[PDB]
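Fold the following and give me the result.
(chains A and B)
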Protein chains: 2
Amino acid sequence: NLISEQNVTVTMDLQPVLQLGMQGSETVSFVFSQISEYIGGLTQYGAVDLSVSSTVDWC
Amino acid sequence: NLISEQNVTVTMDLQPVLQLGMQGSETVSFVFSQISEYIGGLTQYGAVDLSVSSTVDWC
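Numbering: from 1, shown residues only, chains lettered A, B, ... in the order given. For reference, the structure is listed below:
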């Protein structure tokens, strides 16, 4: 079987892409200016929202 | 251990809250009209009632 062939080399580069995005401010500020602020403490709800994308199993 | 990290900076502002409240009239008036007021003197009990709150040890 006489042939004429042309070869291409396919190089798949599987990079380990881990991508953690956040939807909150970089700086979270606690300003204790009132007595009730000291006594009961300061709570900030949902300060950061982490969205996750990952190729591999992650912790 | 390949990672992808997002950092938040927490800045706690510990302010020196000193809170002195009073439950009396700002103006305390002594009206010496009768002779007995001059001789025995004028006394007002419970003129002011100081309530105290403070972050730090106080005097």
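
where does the one residue in chain A that gets nearest to chain B fall, phi/psi-wise?
Here chain A gets closest to chain B at one residue, residue A:18, 4.0 Å apart by CB to the nearest CB. Bear in mind the C-beta positions are built from the backbone N, C-alpha and C, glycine included. Note on residue A:18: its backbone torsions stand at phi -120, psi 130 [degrees, to the nearest 10].

Then the one 10 residues further on?
Reported as degrees, to the nearest 10, the phi and psi values for residue A:28 are phi -110, psi 120.

That one pairs with what?
Note on residue A:28: beta-bridge partners residue B:10, judged by DSSP bridges.

pretty sure it contacts residue B:13?
No. Applying CB atoms under 8 Å, one finds residue A:28 not in contact with residue B:13, separated by 11.7 Å.

Nearest the middle, which residue of chain A would you pick?
residue A:20 (0.3 Å; CA atoms, centre = their mean).

from memory it sits against residue A:49, does it?
No. Applying CB under 8 Å, one finds residue A:20 not in contact with residue A:49, separated by 11.1 Å.

so what sits against both of these two?
Counting by CB atoms under 8 Å, 6 or more residues apart in numbering or on different chains, no residue touches both residue A:20 and residue A:49.

quick one: the strands in chain A?
A:18-22, A:27-32, A:50-54 (DSSP state E).

To residue B:42, which of these lies closest?
Residue B:42 lies closest, by CB to CB, to one member of these: strand A:27-32, at 43.8 Å.

before we move on, back to that, contact partners for the residue of chain A closest to chain B?
Counted by CB under 8 Å, 6+ apart, residue A:18 has contacts A:53-56, A:58, B:2-4.

what's the answer for residue A:17, then?
Residue A:17 touches A:53-55, counting by CB under 8 Å, 6+ apart.

From residue B:6, how far out is it?
Distance, residue A:17 to residue B:6, by CB to CB, to the nearest Å: 15 Å.
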